[PDB]
Each structure stands twice: as C-alpha cells, then as structure tokens.
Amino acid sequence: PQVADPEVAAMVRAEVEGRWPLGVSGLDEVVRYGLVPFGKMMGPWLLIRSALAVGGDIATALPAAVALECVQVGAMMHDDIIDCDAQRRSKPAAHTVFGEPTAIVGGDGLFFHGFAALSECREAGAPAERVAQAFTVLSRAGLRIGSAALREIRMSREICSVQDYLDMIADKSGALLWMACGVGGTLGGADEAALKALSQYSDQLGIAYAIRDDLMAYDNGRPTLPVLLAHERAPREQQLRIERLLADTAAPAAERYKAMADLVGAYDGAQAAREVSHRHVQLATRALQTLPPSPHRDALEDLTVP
C-alpha cells in the first residue's frame, strides 16, 4: 500500500480520555460517566477511516471523531430515560445513578461537547466551508435518527409492512453510520461520488446491524424482522394471532414471547432475516468499491464480515 495504517480505536480513546480525564467534576463528571467504559468506539473509528479513505488528515478527523462519540453517548444517555429494557449486563443508566434531571442535562452537555468538538475542526486546519457542511451532514443525520426513534416507540405493539421496517431501521442505524462516514468523508474532502458511496455503504451496513440486533434474541413489544417475515409467510389464521398477541397489552409477555418464537421458527423468520441481512452486506461491500484502494477501504470492507 502507499498510505499508512494507524490504530484508530486506541488513538480516539487517548483523545477522549485527555479531554475528560479521571477526576473531573461538575458537568464534565456526568459527561465522563456516559463516555466510560470506552469500548469499541466504532462510530469514531468509522469517521476516521472514512476521512482517511478519501485522503483526509487524522488531525482534521480527530476532533470530529470526538464529536461523533459525544453525540452518540448523548443520544444513548437520553434513550435510557425513555426506554427501559435493562439487560442484566447493561451499564447502570445515568438517571438511575444521577437522577433523571441530571441525565437530561448530562446528555445535552454531551451533545454540545459534540458540536464544540466539531467546531474545533476549523482550528485543526479544515476550511470553514468544510466545517459548515460537516455540521449540515451531522445535523441531518441526527434528525433521521431522532425521527426513527420516535416512530419506533409509536410503532410498538403494532405490525407494519416489512418495507416500512427496513426504512425504519435505516433511519436509526444507517443514519448513525452515515453520520460518522458522511462527516468523515466531508472533512476528508470526498467528492460527491465518494460521499454517495459512503452513503450507500452506511445505509446498507446499517440495515445489517439492525437485523443482527433482532437476531440475538433468537440466536419489549418491538416488531422485529423475523416476526415480520414469519407473519408474511404464515397463512391467515396464524397471521391474526400474530397480530393479536402484539396488539395484546394484558397477557404475559413471557408467554407471548415464547408463543412468538414458535411462529418465527415455524415459518423460518430467523433464516429469512439472515438472508435479507446478507443481501444488504453484499450491497455495502459493493458500494465501497467506488472508493480508491487503500488500507482504510479494506478496514471498512472487513467490517461487513461478521
């Protein structure tokens, strides 16, 4: 290869740890609680690779990667307030620890640390025209995620078309990926064709990740793709009860759950979901081939492979 290959996920952690280190107080303490433990940090990792994949600078993509981390943690800290399915492995919710008002302010401080970190990209050398278009990309993507999250709450206990669900999770998971790739590609100086490719890669990989989440239950009241594909195939009589249990509000969820795995298994909803997920992974790798060959494009391609 002609370009280098850094260790992205470890570099971002050093930058976030530097900005909000151990021992912070005030609002920084609530910001740090949301950030740590760090974990994979795939969002920021995706932005830097997307920036470097088109010729960008690490120094320009780095503050935007912190911005990506802050916005994602801000959205997670607020989503924990309105949604409550506490997996016994889930990190204790910030509202459980600090109280609901502090989780509200804390998530907002994370959002504005994001905007402030993205504002620093100008100081890092990016042209002012690029920083503003990055904010436009960042802002529009966040609006897609927000709109999808609300329809996710509203569409619970209801059966929807399979295509509506795909459009649903694309605006939540795909926009979450596009926000990293679109801002990374923008600051890297990508032309319109590369940004469209990174947009296609984001949408297609985002569908795959969303389906993968539906599958770990089978490998809430939320409609999932295996149930939806199973409903599509089941004859009329099984379709009604599939609808009536999800519509049901006063029947044990544990029995509705196991009475749902029976329908998904009977009509191969789980396997049908993998093939749909497989179809979109192939479209994601296809989209990447537009980008110039590099280790960064290789890193983005490997990410599709489970």
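One-based numbering along the sequence shown.
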What lies unmodelled of the deposited sequence between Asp219 and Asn220 amounts to 10 or more
Assert higher mean C-alpha B factor (208 to 216 or 67 to 75, deposited values) equals 208 to 216
Where do the C-alpha atoms have the higher mean temperature factor in this entry, in 99 to 107 or in 165 to 173?
165 to 173
Highest CA B factor of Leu27, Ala272, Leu240, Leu46, as deposited, is found at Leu240
In terms of recorded Cα temperature factor, pick the maximum from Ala250, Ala53, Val31, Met41.
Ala250
Considering every modelled residue of the chain and its Cα B-factor in the PDB entry, is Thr186 in the lowest, middle or highest third?
lowest
CA B-factor ranking of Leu245, expressed as a third of its chain
highest
Assigned third (lowest, middle, highest) for the C-alpha B factor of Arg144:
middle
Taking the chain's C-alpha temperature factors as the reference, tell me which third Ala299 falls into: lowest, middle or highest.
lowest
Would you check the entry's CA temperature factor for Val276 and let me know if it's in the chain's lowest, middle or highest third?
middle
